[PDB]
Protein chains: 2
Amino acid sequence: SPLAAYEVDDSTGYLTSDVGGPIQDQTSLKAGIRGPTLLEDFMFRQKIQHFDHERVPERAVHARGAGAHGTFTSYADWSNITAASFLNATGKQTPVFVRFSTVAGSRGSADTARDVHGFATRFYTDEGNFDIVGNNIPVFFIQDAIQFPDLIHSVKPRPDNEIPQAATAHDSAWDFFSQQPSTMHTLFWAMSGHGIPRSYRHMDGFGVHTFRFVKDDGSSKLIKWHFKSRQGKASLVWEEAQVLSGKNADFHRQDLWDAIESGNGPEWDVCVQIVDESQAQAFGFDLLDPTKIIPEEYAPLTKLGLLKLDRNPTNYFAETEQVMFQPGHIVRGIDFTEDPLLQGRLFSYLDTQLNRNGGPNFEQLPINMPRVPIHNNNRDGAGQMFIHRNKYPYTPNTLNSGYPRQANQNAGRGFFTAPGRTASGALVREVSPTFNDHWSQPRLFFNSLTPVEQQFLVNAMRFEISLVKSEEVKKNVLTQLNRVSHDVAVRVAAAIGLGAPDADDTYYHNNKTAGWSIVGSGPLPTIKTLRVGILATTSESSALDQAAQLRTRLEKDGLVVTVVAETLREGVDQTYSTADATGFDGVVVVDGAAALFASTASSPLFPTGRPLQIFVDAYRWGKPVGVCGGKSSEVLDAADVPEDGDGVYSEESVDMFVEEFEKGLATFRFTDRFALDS
Amino acid sequence: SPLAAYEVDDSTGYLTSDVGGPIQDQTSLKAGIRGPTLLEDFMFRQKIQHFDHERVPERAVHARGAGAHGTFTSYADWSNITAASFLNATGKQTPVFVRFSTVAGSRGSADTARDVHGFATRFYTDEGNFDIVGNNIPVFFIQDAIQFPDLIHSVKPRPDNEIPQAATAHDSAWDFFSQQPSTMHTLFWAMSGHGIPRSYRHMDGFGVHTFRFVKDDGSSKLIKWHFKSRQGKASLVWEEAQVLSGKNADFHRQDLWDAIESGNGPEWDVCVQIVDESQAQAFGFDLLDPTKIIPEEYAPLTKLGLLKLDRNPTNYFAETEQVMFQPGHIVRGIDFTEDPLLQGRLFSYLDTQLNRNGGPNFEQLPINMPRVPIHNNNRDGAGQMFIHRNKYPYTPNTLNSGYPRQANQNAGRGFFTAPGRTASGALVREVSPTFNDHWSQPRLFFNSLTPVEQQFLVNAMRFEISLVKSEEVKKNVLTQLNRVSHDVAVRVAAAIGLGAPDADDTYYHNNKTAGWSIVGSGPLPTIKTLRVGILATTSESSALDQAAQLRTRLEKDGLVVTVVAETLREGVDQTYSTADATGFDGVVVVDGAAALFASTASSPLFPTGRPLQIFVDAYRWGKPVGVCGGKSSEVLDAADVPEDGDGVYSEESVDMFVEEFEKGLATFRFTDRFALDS
Ligand code: HDD
Ligand code: HDD
Ligand SMILES: [Ca+2]
Ligand SMILES: [Ca+2]
Ligand SMILES: [Ca+2]
Ligand SMILES: [Ca+2]
C-alpha cells in the first residue's frame, strides 16, 4: 500500500488503551455484582467516548461514494504542451486515488439513484498533489459558483420534512430547472442513461471546465479533460435502477471493489481536447461557459496516459471518507480559467474541509499527505502532527538563512499563473451575454441520441415531472423544454395531461455529434466481470450438472457466475429467496429446472413465482436471456418470451450456447423490446 | 415556546446578509465581464461559507429518522405512585417531541430496512425536560453498555469497503450474534415483523430498562414503560420492504407527515408495568437484565395518559436533526436502576452531543430548550447564547445572596436518588450469574407467534444467513439458534445446506404469552390513512367513472385514494410509470380497464406488464385486492388470482364492493397466501 507506514496491525496481541496500557473492554466496573457503574471506569469511558465521536459531517455534496487506489502512466513526454512533471516522460508512473459518487444523496442513499456522478482523481505527483475533481457528465447545471447553494437546496429534500432522498423528482428541483434555463444541458444528460450508469467503471470522467496547460516557456493552451472508459459505456434502465436501489444500495461500490479484487481493475485513457487561446469564442459559444461542450469533430482528443485502479482501501473511513479533494491542488504546468463556476469552487473546497475535519491540519491525514517533502511556515492549529525544527517561520528572515526559498516561474519549479492572462473593464456582478444560449446544446445532445434513447429520456422526464404537484411549475417546465424541442415538450405533456406550448424555433436545429450516445457506442469492448445468473434446481441432479458445466465454460472467459437454486449446497451460490434480475447482466435457465417456471410455482423457501419473475424481469429490462439444454419452449412460453427474439438463446450444446450468449452480453441491451411514441 | 421566538419569515422582503445588509446573491463580482472573481466579494464568500458548513455529524446510531410535535395528557393524578409533576393531575397537558428512527443505517438509508427502531419522546415538563429514549422492541441485544461499540461495529457496514448499508445480512453481524448469545432475544424480534413495521404509527414504544417511580415520601417501585399504539400493530412483508426501500426510501417519514397533515395524528397510550422492589428476581429472571420482558400475565399494564402527535416541524434540520435526547434528562419522581446497559447510556448521550453540535451549549438550541427558567452557574463555551447577569457564579456565595439555592428531596422540588437504594460487595468487572439464561425468552417469543409468523421469522433468518459467506459463522449461528429451538435450527439449516446440530433441550419449553404477535393482534382498530390504489384507464370513459364512484365512497371513510392511469388528467393522481404495489394497502381494478391486463399489452408510457404486475404484487404480498364493476373473471384470470380467495373481492355493485373491501383493509394481511414448511 502507498499508505503502509500508517497501518496498524491487530492480528495478534492483547487489548490496550490508546496509550498502550493493557485493558479489558467487555464488562463495566461496578460497585458489587448487581451494582451501579463507577465513574472511575476509564476503560468504559475511553471506549464509549471514541464510539460517541466516530462520525464526521458527510460531504455537502457527493456524500455517497467509494474509492480506490491506482497508478497513472504517461504515454509520452508532454513538455510540448505542459510543464507538468507527472506528464514529462513516456512510462512515468504516478500513484492515484479516485473517488466516485452521486451528488444529491446523503451517505447511505442508493448508488443507483438517477443523478450526476462524481469522478474525483488525485495524482500524487513528484511536484505535489494534483486533483482533477470531475463528473461523469461534461457540463454543469449553472454558470456561476454563487448559485451552487440554490441548485443544491432545490434538488436536495424539501427542508420542512427532508423528502425526497436522492432524487430530482419533486417540485422544488423542477421549479429551479424551469426558472434557471442554464440547467437544460445537464438536465438532458441526467435524464439520459448517463444519469443511471451500469457502474463507475462504465462511465467516463470530465473536468467540465476549460483549464489551461502552461509550458515552461510561459505559453498556454486551453484544455478540457476527458477520462474515456476502457470498459465501454453502459447504463441501467430506470425500472431496473429503482429495484436495484432496494435490493442492493451498494451496487456500484460492490462492483468496483469486486472488479479490483478479481484482477479486473478498471482503466481509462486520460485525454484532453486542446485548443488555442484565440479559440475561446471560435466554436459558437464561450469556452468560459461550463454548460457547453466542444464537439470532437471540432477538436479531437489527445490521449495522455493510462489511469488504472487496482487496489482497494484497507479502512474505508480513513481513506475514502477522509479524502479531501480540491481544485486548488494544482501543479506547475496547469492553470485556471475565468469560468465563474470554477473560480468560486477554488474557495469552497479549501473552506469545506474545516467542516469535515474539524481543524486546519486536514492535509496531514495519510490519504491527503503528498509524497514529496513539505517546506513552509504554516504552524500550530488543532491536531498538529508535525514537530517543526525551524524556529524562525517567517519570510523574509536571516535567522534561518532565508529558507524556505520562494518558488516561481524562474526558480524552485514554482507554480506560476499563465503570464499572458489579463483582466480589463469595470468591476461587475454581470453575466457575459456570450453565456445566454441555454437551449442549442441541449438540442444537439437530444439529436445525438438514438430513437430508443430519446424515448428513455422522454420517459425519465415523464416520470419525474408527473410527480411535480404544482400545475404552474409543470407549465413552466414545458415552456423551457419546448425551447429545446417542441417534440419533447409534446411527448412529456401527454403524460401529465397538459398541452405543450406552441413551437418556438429560435434554438431548434438538426445538428448531431459523436461520442455522447450510450446505445450508439456499439458492443462493449470486454465482457470480463459481467454477471451471469444460472437458474437451476436441487430437485434434479441433471440441473446442477448442467449448471456446473455452464459455470466452467463461462468462468473461463472471466464472467462472474452465480448458480441460483432453492437451497444452498456445493456449487450453488445463492437461493431464489435472495436472487433478483438486478443481480445479473444475463440470465440462463438450465432446462432440467423447467418445472420451477410456472408463475404459480410455490415453496416456503422463496416468494411465489420468484424463479420465473427473475427471467421475465431480465427479458423486460433488455438483457440477454436463454435456456440451455435443448428443451426451451416450456420456459420461454411461461415467460411470454419469443424463441426467435434478438438476445434470446436456446441451444443444447453448452459451447454453442455460451458462444452465442457472450455476443449478447457484449451487445448488453436489446433495445427492440422497448415501445416508442407515435 | 423557544421555537416561536426563533421562527424566521422570508415570505416578503429583500435579500440580506446575516448582519442585515441588503445584498444580491446571483452573480459573482469580477474584474471585467469575462474576468476572474474577486476576493473582496463578501456576498459570494458568506453564502458559500454557509453552504460549505451546512452538514453536521449524523447520529452514531439512529441516524435515519423523522420527528413531530405533540401533546401528552395525563389520565389521572398519579401522586400515589410517583412525584412526577407531568403526571400529577387528571387532564394535565405537556408538549412533546418524538423522533422515530432505524438503528444501523446512515442518514439517507431506507426507512424500510429490517432493523430495530427508535422511539424517542421528550416531555417538556413544568419541572424540566424528561426524555424516554426507547425502541419498538422491548429488549436489547447486549447486557452491558461497554459492549455497545462491539454490537454496532458488527452490524454496521464492513469497515474496509463500507458494505452493506442498513443491514444485518453480512458475516460480521451474524459472527457477533453467534458469539454473544445475549443477542438472541432482540434478534428474534428483529427477524419477526417488528423488524419491518408498516409505519411508525403502527408500532409500539418501549423504555426497555427497568426504571423506578419514586414518591415524594421517598418510597420506590420498579416500572417498565410501554407506549401502546392506538392505530394497531402492522408489518410489511420482506419482499415488499425490499422493493419499497428502492421505490420510496422516505416511506415511514412520508406516512407520518401525511397522517399529521390530514388530521390523523397518531396516538399511543403511555403505560407502565409496576412491581415492587422485592420482585427484582421474582419472575424467573433479573429485572436489571435488559434482554428480558415481564409477561403481562404476571404484571398488567396501567394506562397513565395519552400521547398524540399532531404537528409537523417547520424546519427538519433545526428541529428533527438537532433534537438531542438523553436518558440523563430525568425529573423528580423517576429514578434509574443498576441495569448495566442503562448505567452506561447515561454517559454516552451527554458526550455524543459535543460531537454533533461541535460545542457545549447544545441545550440552548430551541428544540432542546426547556419551558421553565434555567438557574445555574454553567458559563461560557462556544456558541454561548445567554447573557448571564449573575456575576458571582459559584456556590457557596454571599455576593449573589446564596443564589441559586440547592434543590433536593426536602426543598426546591429537587431531583433525588431513590433513598432505598444501596450497593454492597467488591468492585468488580463481573457479569451477574442471574443474567446467564440467554435462550428461554427467545423461545417464549417464538412460541407466542402464529404459524405463519414463525415461518416469516424462519424465512428472514434463511434470507440473511444464506448471505453469510463463512461456513464457520453459519455453523456457529445454527449452534446458537438450536439452543432456542431445534425446529428453527433445522428449518434454517435446510436453506443453507448444513445439518442442524442435535437438539439441546436445556432451555426448550412450550410457554406462550400475549401481546407480542402482530398477526395475532386481530384487525386494525381504524383504517383511516390506509392507501387504496384504483387501477383505471383513460381509454374508456366508463373506467374513469367507475374510479370516481369508488373514490367518493372510499374517501368518505378516510382512506387515501390514488387513481392510476396511463397519463394524468382530472381525476387521475398517478401514472402507471410511477405506480407500484408498495404504494398501496389495497388495490382495486375497475372492470372497464381489463384491456391493460392482457399479456400482449404494451405502451411507451409505462413498462411492459406494469398494470398487471401491480395487482399481482399486491395479491402476493397478502393485500386485499379486487375487481369492481362487472362479471369480472378476465382480470382475476390474467393475474391467476382465485375469486374464492380470502381478501379477493369481485362485485358489480360499488357499495357492496366497498363494504367488503373495507373489512379487508382492517384484516390488513391475508396470511393464507404464504407457504409453510411441510
Ligand atoms: C461553489 C461550490 C461548488 C461548485 C460550483 C461545485 N462544487 Fe463540487 N463540491 C463542493 C462545492 C462546489 C464542495 C462543497 O466543496 C464539495 C463537498 C465536499 C468537498 O470536499 O467539496 C464538493 C465536492 C465534489 C466532489 C466529490 C469529491 C469527493 O469524492 O470527495 C465532486 C466529484 C465534485 N464536487 C465535482 C464538481 C464538478 C464536476 C463541478 C462543476 C463543474 C462542481 N463540483 C461544482
Ligand atoms: C453506550 C451507548 C449506548 C447504548 C448501550 C445505547 N445507546 Fe441509544 N444512543 C447512543 C448510545 C447508546 C448514542 C451514541 O449516544 C446516541 C446517538 C445520537 C444520540 O443522541 O445518542 C443514541 C441514540 C439512540 C436513539 C435516537 C434518539 C434520536 O432520535 O435522536 C434511540 C431511540 C436510542 N438510542 C435508544 C436506545 C435504547 C432503547 C437502548 C437500549 C435500551 C440504547 N439506545 C442503548
Ligand atoms: Ca419539493
Ligand atoms: Ca440508456
Ligand atoms: Ca461483514
Ligand atoms: Ca440524592
Side-chain angles (χ1 to χ4, degrees), chain A residues 60-61 104 140-162 168 170-183 186 289-291 339-349 351-352 355 426-433 435-436 438 470 472-473 476-477 480, chain B residues 3-33 35-56 313-319 321-322 366 385:
Chain A
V61 284
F140 209 60
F141 285 110
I142 53 169
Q143 294 173 315
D144 191 316
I146 200 170
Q147 296 177 166
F148 191 65
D150 303 294
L151 168 67
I152 298 300
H153 284 183
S154 83
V155 305
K156 271 177 182 272
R158 204 180 75 191
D160 60 332
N161 57 12
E162 196 189 50
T168 53
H170 54 108
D171 290 50
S172 69
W174 287 85
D175 192 32
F176 184 78
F177 304 147
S178 67
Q179 292 304 312
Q180 190 64 278
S182 70
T183 61
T186 304
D289 179 355
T291 70
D339 177 327
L341 187 67
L342 171 56
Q343 288 275 310
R345 286 180 76 200
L346 296 173
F347 170 79
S348 183
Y349 296 64
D351 171 50
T352 202
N355 169 271
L427 309 187
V428 291
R429 288 180 164 94
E430 288 167 17
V431 180
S432 178
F435 281 34
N436 287 348
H438 307 301
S470 166
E472 208 42 37
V473 170
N476 292 342
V477 166
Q480 270 322 350
Chain B
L3 280 88
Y6 278 102
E7 285 202 355
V8 172
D9 180 44
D10 289 327
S11 61
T12 66
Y14 282 93
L15 189 71
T16 74
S17 67
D18 294 334
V19 298
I23 56 158
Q24 73 78 57
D25 73 346
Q26 287 304 300
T27 311
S28 293
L29 178 70
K30 298 170 287 187
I33 196 59
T37 301
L38 299 194
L39 186 62
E40 74 171 71
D41 190 351
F42 67 96
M43 297 181 209
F44 173 86
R45 283 183 291 83
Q46 65 79 35
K47 180 176 177 177
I48 298 305
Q49 182 170 293
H50 250 297
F51 174 76
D52 292 341
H53 291 255
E54 281 187 10
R55 302 294 169 271
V56 302
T314 297
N315 185 270
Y316 184 95
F317 181 91
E319 296 173 70
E321 193 65 15
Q322 286 192 133
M385 296 289 160

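Below, chains carry the letters A, B, ... as their sequence lines are ordered, and counting in each starts from 1.
No donor-acceptor distance shorter than 3.5 angstrom exists from the side chain of B/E319 to the backbone of B/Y316, with no hydrogens or angles considered.
Remark: B/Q26 CD to A/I146 CD1 distance equals 7.5 Å, nearest 0.5 Å. In this structure, the separation between CG on A/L151 and NZ on A/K156 is 11.0 Å, given to the nearest 0.5 Å. For the atom pair CD1 of B/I33 and OG of A/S432, the computed distance is 5.5 Å after rounding to the nearest 0.5 Å. To the nearest 0.5 angstrom, A/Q147 atom CD is 12.0 Å from A/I152 atom CD1. Here NE2 of A/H170 is found 11.0 Å from CG of A/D175. Values are rounded to the nearest 0.5 Å. Taking OG1 from A/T352 and CD from B/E54, the interatomic distance works out to 9.5 Å, rounded to the nearest 0.5 Å.
Residues A/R429 and B/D41 are paired through a salt bridge, judged by an N-O separation under 4.0 Å between the basic side chain and the carboxylate. Using a 4.0 Å cut-off between charged nitrogen and carboxylate oxygen, A/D150 and B/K47 count as a salt-bridge pair.
Between A/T291 and A/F435, every side-chain heavy-atom pair lies at or beyond the 4.5 Å cut-off. Taking the side chain as every heavy atom from C-beta outward, B/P313 and A/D160 never approach each other to under 4.5 Å. Here the side chains of A/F176 and A/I142 are in contact, with some heavy-atom distance below 4.5 Å. The shortest distance between side-chain heavy atoms of A/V155 and A/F177 falls below 4.5 Å.
For B/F51, the ring pair (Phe, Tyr, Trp, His ring centres under 6.0 Å) partners at least two apart in sequence or on another chain are A/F148. Applying the side chain to side chain contact (heavy atoms under 4.5 Å, CB included) test to B/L38 and every residue at least two apart in sequence or in another chain returns A/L427, B/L29, B/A31, B/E40. Every salt bridge (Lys or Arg N to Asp or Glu O under 4.0 Å) that A/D289 has, sequence neighbours left out, goes to A/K292.
A/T186 and A/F140 make their closest contact through OG1-C, 2.8 Å (heavy atoms, listed as atom of the first residue, atom of the second, distance). When all heavy atoms of A/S172 and A/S154 are compared, the closest pair comes out as OG-O, 2.5 Å. Nearest approach of A/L341 to A/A145, heavy atoms of both residues: O-CB, 3.4 Å. Of all non-hydrogen atoms in B/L15 and B/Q24, the two that sit nearest each other are CD2-C, 3.6 Å. Contact record, A/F141 with A/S182: O-OG, 2.7 Å, taken as the closest heavy-atom pair. A pairwise comparison of heavy atoms in A/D351 and B/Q49 identifies OD2-CA, 3.4 Å as the closest pair.
Using a 3.5 Å distance cut-off with no hydrogens or angles, the side chains of B/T27 and A/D144 do not pair a donor with an acceptor.
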Next item on the list: Determine, stepwise, if the pair A/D339 / A/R345 fulfils side chain to side chain contact (heavy atoms under 4.5 Å, CB included).
Entry: CA-CA 10 Å; A/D339 177 327; A/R345 286 180 76 200; over 6 Å; no
Given the rule in the side chain to side chain contact (heavy atoms under 4.5 Å, CB included) test, do A/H438 and A/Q480 qualify, once you have shown the distances and angles that lead to the verdict? CA-CA 10 Å; A/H438 307 301; A/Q480 270 322 350; over 6 Å; no
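Other residues, nucleotides and ligands contribute over 12 non-hydrogen atoms within 6.0 Å of the CZ atom of B/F317.
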